[PDB]
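Novice: Kindly return the folded structure for what I paste below:
(one chain, ligands or ions: 1)
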Amino acid sequence: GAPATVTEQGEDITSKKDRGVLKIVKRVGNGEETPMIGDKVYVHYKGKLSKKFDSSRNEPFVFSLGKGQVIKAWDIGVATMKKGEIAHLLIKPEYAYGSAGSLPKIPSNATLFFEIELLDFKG
Ligand SMILES: CC[C@@H](C(=O)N1CCCC[C@H]1C(=O)O[C@H](CCc1ccc(OC)c(OC)c1)c1cccc(OCC(=O)O)c1)c1ccc(Cl)s1
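Specialist: Numbers count the residues shown, from 1 in each chain. What follows is the structure:
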């Protein structure tokens with residue numbers, strides 16, 4: 001399935017190259033620009049543990065990139081995305097909720113999978 005495909009063919013986009021955040025591009029986006037730190041980003045997404053599933057396609061999910069507003073894997077991964085791109089991210093716990101988790105929904109040491117569509121980003 002999609003998480004296995006990410007494992008096998010996904011690019012390690014971590015600085016440390018510890019396979020903490022693996023990405024595959026599922027739909028190529030437009031042009032070359034990708035967001036900078038501070039940019040306001042607009043996405044649609046859904047995600048799941050590697051059993052819990054959550055989906056945000058009415059209002060976009062909005063955040064400012066690279067400011068610690070989301071889990072580290074998203075500050076890393078969304079930064080790499082072009083407008084219009086859909087990507088899969090497989091995420092080890094160090095780049096998500098770690099040992100504390102986020103109970104009850106997210107257990108300790110959870111791996112997370114997300115499908116993310118970057119709709120737009122603005123300065
Ligand atoms: C419902 C939780 C969601 C989830 O894990 N996220 C939601 C979508 C973005 C990725 C990730 C997330 O960062 O959750 C964060 C959770 C809180 C959090 C923020 C920063 C963090 O580190 C810097 C952090 O680390 C533990 C946790 C979140 C959730 C809702 C909104 C939000 O920012 C916008 C705002 O506050 O209005 C951010 C998942 C969906 C399916 C999963 Cl399995 S986990």
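Novice: need the residues of the chain near the ligand, please.
Specialist: Residues of the chain lying close to the ligand by C-beta under 6 Å from any ligand atom are 47-49, 52, 54, 61, 63, 68-71, 74, 97, 106, 112. Quick note: C-beta positions are derived from backbone N, CA and C, even for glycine.
Novice: Filter those residues down to the buried ones and hand me the ChimeraX line.
Specialist: Buried residues among the residues of the chain next to the ligand (16 or more other C-beta atoms under 10 Å), as a ChimeraX selection:
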select :47,48,63,70,71,74,97,106,112
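Novice: Cross the residues of the chain next to the ligand against strands and list the overlap.
Specialist: Counting by DSSP state E, the residues of the chain next to the ligand place 47, 48, 49, 54, 61, 63, 112 in strands.
Novice: Nearest residue to the fifth one in space, please, no chain neighbours.
Specialist: Looking back up the chat, that one is residue 61. Computed as C-beta to C-beta, 6 or more residues apart in numbering, the closest residue to residue 61 that is not its neighbour in sequence is residue 43, at 5.0 Å.
Novice: ok, now how distant is the one you found from residue 33?
Specialist: Here residue 43 is placed at a distance of 16 Å from residue 33 (C-beta to C-beta, to the nearest Å).
Novice: Name all residues that make contact with the most centrally placed residue in the chain.
Specialist: Of all residues in the chain, the one closest to the mean position by C-alpha atoms, centre = their mean is residue 74, 4.2 Å from it. Going by C-beta atoms under 8 Å, 6 or more residues apart in numbering, residue 74 touches 63, 89, 114, 116.
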